[PDB]
Amino acid sequence: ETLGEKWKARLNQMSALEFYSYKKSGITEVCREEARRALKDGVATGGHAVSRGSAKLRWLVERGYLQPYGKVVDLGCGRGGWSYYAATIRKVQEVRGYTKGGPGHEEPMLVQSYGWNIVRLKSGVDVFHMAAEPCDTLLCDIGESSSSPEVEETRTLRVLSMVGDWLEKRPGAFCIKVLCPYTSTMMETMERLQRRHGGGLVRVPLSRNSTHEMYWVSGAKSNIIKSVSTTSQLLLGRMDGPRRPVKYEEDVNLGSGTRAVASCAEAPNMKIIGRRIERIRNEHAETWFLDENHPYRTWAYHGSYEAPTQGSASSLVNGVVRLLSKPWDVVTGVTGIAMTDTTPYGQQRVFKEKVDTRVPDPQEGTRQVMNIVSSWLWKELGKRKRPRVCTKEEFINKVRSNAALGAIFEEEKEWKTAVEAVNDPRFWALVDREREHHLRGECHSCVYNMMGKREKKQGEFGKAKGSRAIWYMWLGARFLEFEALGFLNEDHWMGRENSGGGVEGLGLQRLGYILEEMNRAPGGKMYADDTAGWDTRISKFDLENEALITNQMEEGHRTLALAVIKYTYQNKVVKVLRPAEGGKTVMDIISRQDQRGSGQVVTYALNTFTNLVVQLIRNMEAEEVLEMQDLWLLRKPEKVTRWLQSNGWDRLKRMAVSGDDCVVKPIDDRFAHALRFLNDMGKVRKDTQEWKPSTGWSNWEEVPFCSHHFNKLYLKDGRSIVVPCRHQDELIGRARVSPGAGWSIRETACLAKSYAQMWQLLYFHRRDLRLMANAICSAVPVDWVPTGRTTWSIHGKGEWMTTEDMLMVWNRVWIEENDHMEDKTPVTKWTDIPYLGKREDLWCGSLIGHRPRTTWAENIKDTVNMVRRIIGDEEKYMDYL
Amino acid sequence: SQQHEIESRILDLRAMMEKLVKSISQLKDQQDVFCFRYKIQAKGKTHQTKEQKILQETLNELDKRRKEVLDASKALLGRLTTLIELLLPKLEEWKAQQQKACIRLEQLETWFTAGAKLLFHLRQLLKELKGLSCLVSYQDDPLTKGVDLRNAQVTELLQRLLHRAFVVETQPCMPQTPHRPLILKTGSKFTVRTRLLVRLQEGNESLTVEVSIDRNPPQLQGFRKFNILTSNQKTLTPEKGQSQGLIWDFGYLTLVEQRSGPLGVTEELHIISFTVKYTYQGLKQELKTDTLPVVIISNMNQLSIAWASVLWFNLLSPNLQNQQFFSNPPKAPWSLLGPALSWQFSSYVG
Ligand SMILES: [Zn+2]
Ligand SMILES: [Zn+2]
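Residues numbered from 1 in each chain as written, not as in the entry; some residues may be left out. Chains lettered and ligands numbered in written order. Heavy atoms only, no water. Residues with missing side-chain atoms left out of burial classes, pairs and counts.

Going by the header, the method for this PDB entry is cryo-EM, and the resolution given is 4.0 Å.

## As for the coordination of the zinc ion (ligand 1)
All names here are of chain A. The following threshold applies: Donor atoms (N, O, S) are those found within 2.8 Å of the metal centre, with the cutoff raised to 3.2 Å for Na, K and Ca; water is not part of the atom list, so apparent gaps in a site can occur. Metal sites are grouped by the angles between bound donors: all angles between 85 and 135 degrees with four donors is tetrahedral, opposite donors over 155 degrees apart with the others between 65 and 115 is square planar for four donors and octahedral for six, and any other pattern is irregular.
With distances of 2.1 to 2.6 Å, the protein atoms coordinating the zinc ion (ligand 1) are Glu434 (OE), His438 (NE2), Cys443 (SG) and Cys446 (SG). If you look at the zinc ion (ligand 1), its four donor atoms make angles of 67 to 176 degrees with each other, and the shape they trace is irregular. Counting along the primary sequence, the residues that act as donors to the zinc ion (ligand 1) give the motif E-x3-H-x4-C-x2-C.

## Quick look at the UniProt feature "binding site: Zn(2+) 2" (unreviewed entry) in chain A
Residues and elements named next belong to chain A. Using the following cut-off: UniProt positions are given in the numbering used here, feature names are shortened, and annotations may be inferred rather than shown by experiment. We call two residues contacting when some pair of their heavy atoms lies within 4.5 Å. Numbered from the N terminus, helices here are DSSP runs of H or I no shorter than four residues, and strands are runs of E no shorter than two.
Per the UniProt annotation, the sites labelled "binding site: Zn(2+) 2" (unreviewed entry) are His709, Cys725 and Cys844. These annotated residues cover 136 residues of sequence, but their C-alpha atoms sit close together, with the largest distance between any two at 9.9 Å. Setting aside residues up to four positions removed in sequence, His709 forms contacts with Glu702, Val703, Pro724, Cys725, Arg726 and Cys844. For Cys844, the position within the fold is in the loop between helix 29 (838–843) and helix 30 (851–856). For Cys844, the residues in contact, after removing those within four places along its chain, are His709, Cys725, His727, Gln728 and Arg766.

## Focus: helix 6 (residues 149–166) of chain A
Since there are 3.6 residues in each turn of an α-helix, residues three or four apart along the chain are aligned in direction. Residues and elements named next belong to chain A. Applied cut-off: The span one expects for a helix is its residue count, reduced by one, times 1.5 Å. Think of it in three bands: with a 1.4 Å probe and only protein chains considered, a residue is buried below 20% of the maximum accessible area for its type, exposed above 50%, and partly exposed in between. Regarding the arc, it is the one traced by the directions from the helix axis to the C-beta atoms.
Across its 18 residues, helix 6 extends 25 Å between first and last C-alpha, which sits within 8% of the 26 Å expected from 1.5 Å per residue. Buried within helix 6 are the following residues: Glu152, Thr156, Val159, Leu160, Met162, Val163 and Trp166. Buried residues along helix 6 cover an arc of 155 degrees about the axis, so they all sit on one side. Next to the buried residues of helix 6 lie helix 1 (7–13), strand 4 (137–140), strand 5 (173–178) and helix 7 (184–195).

## Digging into the nonpolar core
The test is simple: Throughout, nonpolar core names a set of buried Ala, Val, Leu, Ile, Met, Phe, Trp, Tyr and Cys residues whose side chains join them through atoms within 4.5 Å. Domain extents, as shown, originate in an automatic or database domain assignment.
One finds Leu196, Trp248 and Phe250 of chain B to be the most contacted residues of the largest nonpolar core, which totals 82 residues. Composition of this core by domain shows at least three residues from each of domain 1 (2–163) and domain 2 (168–348) of chain B. Residues in contact with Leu196 of chain B, not counting those within four places in the same chain, are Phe166, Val209, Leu246, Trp248, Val276 and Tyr278 of chain B. In this structure, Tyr305, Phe409, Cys443 and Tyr567 of chain A belong to the second largest nonpolar core, which totals 64 residues.

## Re the interface of chain A and chain B
Basically, it comes down to this: Accessible surface is computed with a 1.4 Å probe, and the buried area is the amount of it that two parts give up when combined, taken over both parts together. For salt bridges, the criterion is a side-chain nitrogen of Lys or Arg within 4 Å of an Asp or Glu carboxyl oxygen. For this analysis, a polar contact is any N or O atom pair within 3.5 Å, provided that within protein one partner can donate a hydrogen and the other can accept it, and provided that sequence-adjacent residues contribute only side-chain to side-chain pairs. Think of it as three bins: nonpolar holds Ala, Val, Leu, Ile, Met, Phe, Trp, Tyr, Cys and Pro, charged holds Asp, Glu, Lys and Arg, and polar takes everything else, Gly as well.
On the side of chain B, 26 residues touch chain A, which itself brings 27 residues to the contact. Here chain A meets chain B over a buried area of about 2400 Å², counting both sides, of which 50% is carbon and sulfur. Inspection of the chain A/chain B interface yields two salt bridges. For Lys67 of chain B, the salt bridge is made with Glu106 of chain A, and the minimal N-O distance between the two is 2.5 Å. Linking chain A with chain B are nine residue pairs in polar contact, by the criterion used here. For the side of chain A that touches chain B, the secondary-structure elements that each account for two or more residues are helix 2 (16–23), helix 3 (35–41) and helix 29 of chain A. Sort the elements by how many residues they give to the side of chain A that touches chain B and helix 2 of chain A lands first, with three residues. Here the residues of the side of chain A that touches chain B are counted per class, giving eleven nonpolar, eight polar and eight charged.

## Structural notes on the coordination of the zinc ion (ligand 2)
Coordination of the zinc ion (ligand 2) by the protein is provided by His709 of chain A (NE2) and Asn711 of chain A (ND2), with metal-donor distances spanning 2.1 to 2.6 Å. On the basis of relative accessible area, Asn711 of chain A is assigned to the buried category, the value being 11%.

## Details of a nonpolar patch on the surface
The line we're drawing: Patch criteria: residues need more than 30% relative accessible area and no salt bridge. Like-charged residues are merged within 9 Å; nonpolar side chains of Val, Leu, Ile, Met, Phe, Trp and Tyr are merged within 5 Å. Each accessible area value is a Shrake-Rupley result obtained with a 1.4 Å probe; residue values ignore everything except the protein chains displayed when judging cover.
Together, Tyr38, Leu135, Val136 and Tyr138 of chain B line one region of the surface with nonpolar side chains, adding up to about 410 Å² of accessible area. Along the chain, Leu135 of chain B falls in the loop between helix 3 (106–126) and helix 4 (145–163).

## Examining the domain arrangement of chain B
Residues and elements named next belong to chain B. By the assigned domains, chain B splits into domain 1 (2–163) and domain 2 (168–348). Computed over C-alpha atoms, the centres of domain 1 and domain 2 are 40 Å apart. Taken together, the contacts link 25 residues of domain 1 with 27 residues of domain 2. Taking both sides of the interface into account, the surface hidden between domain 1 and domain 2 amounts to around 2300 Å²; carbon and sulfur atoms contribute 58%. Across the pair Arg195 and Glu109 runs a salt bridge whose closest N-O atoms are separated by 2.5 Å. When residues of the side of domain 1 that touches domain 2 are traced back to their parent elements, those giving at least two are helix 2 (51–98), helix 3 and helix 4. Of the residues forming the side of domain 1 that touches domain 2, the biggest block, ten residues, is contributed by helix 3. For the side of domain 1 that touches domain 2, the per-class residue count stands at ten nonpolar, eight polar and seven charged.

## Let's talk about the sheet that holds strand 10 (residues 283–287) of chain B
All names here are of chain B. For clarity, the cut-off: A strand pair is defined by DSSP finding two or more bridges across the two strands. Axes here refer to lines fitted to C-alpha atoms; in helices the fit is confined to the stretch in contact. Angles between the N-to-C directions go from 0 to 180 degrees.
Spatially, the four strands line up as an open sheet ordered 6-4-9-10, and their pairing is antiparallel. Lying at the two open borders of the sheet, with one neighbouring strand each, are strand 6 (235–236) and strand 10. Taken together, the five bridges between strand 9 (residues 272–280) and strand 10 define a ladder with antiparallel strand orientation. Its bridge partner lying in strand 10, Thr279 is registered against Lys284. Against the sheet, helix 4 engages strand 9 and strand 10, with an angle of about 30 degrees to strand 10.

## Let's talk about the side chain of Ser273 of chain B
Note that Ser273 of chain B resides in strand 9. If near-sequence neighbours (up to four positions away) are discounted, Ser273 of chain B is found in contact with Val211, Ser212, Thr289 and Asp290 of chain B.

## Looking at the environment of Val72 of chain A
Residue and element names in this part refer to chain A. Residue placement: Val72 occurs in strand 1 (residues 70–75). Sequence separation between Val72 and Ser83 is eleven residues, and the spatial gap between their C-alpha atoms is 8.4 Å. The residues touching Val72, leaving out its near neighbours within four places in the chain, are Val92, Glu94, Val95, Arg96, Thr137 and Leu139.

## Side note on the packing of aromatic side chains
The condition that has to hold: Between 30 and 60 degrees the pair is tilted, below 30 it is stacked and above 60 it is edge-to-face, where a pair is any two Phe, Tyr or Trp rings, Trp via its six-membered ring, whose centres lie within 6.5 Å. The rule for a charge over a ring is simple: NZ of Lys or CZ of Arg within 6 Å of the ring centre, and within 35 degrees of the ring normal.
Applying the stated criterion across every chain, the model contains 25 aromatic pairs over all chains. Ring centres 4.5 Å apart and planes at 35 degrees place the aromatic pair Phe427 of chain A and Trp428 of chain A in the tilted group. Owing to a relative accessible area of 22%, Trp428 of chain A belongs among the partly exposed residues under this scheme. Cluster of aromatic residues (ring-pair linked, three or more members): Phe395, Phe427, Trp428, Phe479 and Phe482 of chain A. Here the guanidinium or amino end of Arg180 of chain B rests over the ring plane of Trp307 of chain B, the centre of that ring lying 3.9 Å away.

And the structure:
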């Protein structure tokens, strides 16, 4: 009996080109073909989202029917461009973006338009089962169309149940979408919240033709049947006739930047920073200014100035293994780890996501726990040995082999690489000038500068710090780090034979024996907790606690080491690239008292120190020696000095910790639920909520740590060989990457051969990487030398970098220097070295038996003859069959 | 001017056509490693071991890839439908001069060649986006609305293009006076030459075209008869439309009129149309197209008032393709008829 039903009578019963030809006819559009291809390219600026309805809120909110403010909750966010347009309004203080996601829907995207810090855009959450939360502006945009119109009247009824149950705060205003607003049932549904909460209907002028969507905004104060009746006259006024053509209109734009927010900053001590501010600020005084729009809430902003274009997210692909591997183009994992970033967009976004994080200070009773097991732990290893110094020639010859290769400077002798930069005299002179400063008390040359590299599959697609933010100190203060503290890096001051806890120094080839003789402990399972955001969650009273090694050092050595931990750790400064308007990537300078870096080489001491602390603490809760009634003042120092001086060394006889990682095995199963105190320190876990008890592993042959599950294998002789492993995709996609210094054909050829050797040593047992491996061994010339850097762990020995025949190298590391292998009768054929099992490797991501792998695995000499054309035929090669 | 632009669109459809051919040709294999991983991970019943998370991401980005390839398929749907909608008025306007000046081309043969090759090719390619999910579909994707909505829209698009792309080049004329068409004495030769000017053909069999004469005897006078005492067809093997093109000349055919109004001899109507049983890629569609109004004579003096009749409608008949002419026409302003007879004897001699 209504009018809008004959959309679904005529348009249903008639043909296809009438629907398609009608559907674009006579409707108000906005020109969008640019950013559909422009923001596809990757520019994080443009002041407008890849959405459609931001113009709808432009028309409506500018039209005056809606004036949002304060806190805003979005719903059915999709691409979230509604919220991006909401961000520009000069009353908005927070926006929560909540949407469904999943397959068959539309995931969000992260464009740094204006107002960047103030978004909280969260995917995943389904709002079928969401608790009602307060706001100040409410939005919903979930709309689906049907043939029989009551079917979508049903969905209108559901969503009016969801908002009608939602809006119970009495908030300020709203903007709600209505699917099918031509029922009396909607008028009965509406009139309660009209006599109460008001608003009404406005047809969006820029909607499409063949749908009758109308928005119950909080503005249209009409008698509703006058409005519905009026636009419902415009329904049949805009029903048929001639093909009235398209009207276009200019698109919305605001620009980029980031809106200024409130800050929970702490007043620093300016008398340990300020002269570096006088250095850069008195160096760049004309370019100097104070951005009021600092996106800095837990840190400490102190002005800014302009900056050049630096950094690139254009780290290309190794073409070689690309041209060797057919089916490792089609999978999205090998493309998943292709390109990270150093661009100011990337630095600012990793920064916002998981750096600016205020932590609550834990209680003082926990602090005495820290000082007891800390100072006990120092004096425990202080009983064995004493601090020493180390020297410069150790550091030249140390950086000669591999050490870091991190070539970025700040002072004026900006050169290519460190390995020639060591061959200057003058940096020794200015290093000794900063030794005059720090040895007297001043400081001018301790300034971090990070890069933020995160491991994204496809651009601008939902991931917060998949690889961690990495800070850079300049090399000279890295030497003052080195001489100041780096003896622990050198002479095994937390190795297993000294500290009894951690197996660093050992590579990644013998660790499985260390857990496999952790198998003989009684009681517990493999308890392999992982910690989300390690370096983000280390508080000030951990590194204020760390200075207890000053009780053991030599006197002037205590002045320099205590000095530098005052100068780079107790306080610190970073400068930070930030994109802004017009591409003017204005770089700031920033401060925080409290977190550690990640680039300094003495950080192994602090972290493996720090979690041996926290997990001795967790294991003594796991023996119920401590209780939650022991948080505030004290109960007994004698209970914990007793538990240590009877227990503690014997407990850490049986765990393995490197970096932030841990793997323990207690004698009970109580460890899985010893959790309170730890959350008082605030070291939360991964994939387990805040109080849920943990999960063990009675089996040991797959317990994960340092991204490796370990397998043991048996020979044709019958020889127990523990081998490391990881899922095949995440390594074959590591050889695919090219770093940005491999420009030649020779550099990519030798680096690809470095991956060939590293995989030839450890990862031999799989079927795939062997055929890959000896394949590319035939490709690159025998005459050449593999160089470069495959892994990034400290466990990389650099063993497989030689030009030697690899049978000898396997036979060395995997017969000779094995204590844990007894009968050292040598291998002859690595061809007659057998494999891992079939299905277990298929658990780890193989594709044997598949058609592609079988096909190009039946013709390979041609495939390498491709590259033996592509590189010169004046070389020396080898058979590998 | 016009030809190079429309051939630039034939280049555009070749370009995006082959590019989308590539994108399908990889999405089938991304489907293949997906059904392997699900196939063997599903095998082996001997939590959240990251194989769930990886195969989540494989399904997810396969889903997004299917979305994108359907989106660019829409982007060439709008483009080639604008190609057709602008392609048609050239056909009917060149039809208008083409038998406006019969008083005494292969560009479009090529354009229907490439036109139907691109449409049937995109059809046949679109017929097996099914089998990229008929292994295991198992997702709430755009998978059916795409293949059958867009299958349907391009199905009616090439059925309307097949509906209005079978025309006649050569009108019937005398063998005795090859300069005077539209006039056939009882027993004259049906001097016609048409064409299936869309140059696609199933290579299966040697196809034929049927005539069809005078669908409706009108109100005025359903005229007597004629029986074509010659044949009514020829037969084209597929090797010869590939050789000479799909030419259909039913020339030299002769009639026999049966025996036993103010309009008279040269004022009667007999329009011949032509039944075409056309089928390519299984798409069966029948085609029929009429002719100009032709008069039938019996005597040499009827040539004069027949030809004055021929001008007397061929400049004096809008919406001319119909039955039962001559009834109420307006007379002749000779503003082009003067130039027309000027074409006639000033074509002859001076
Ligand atoms: Zn310094
Ligand atoms: Zn494995």
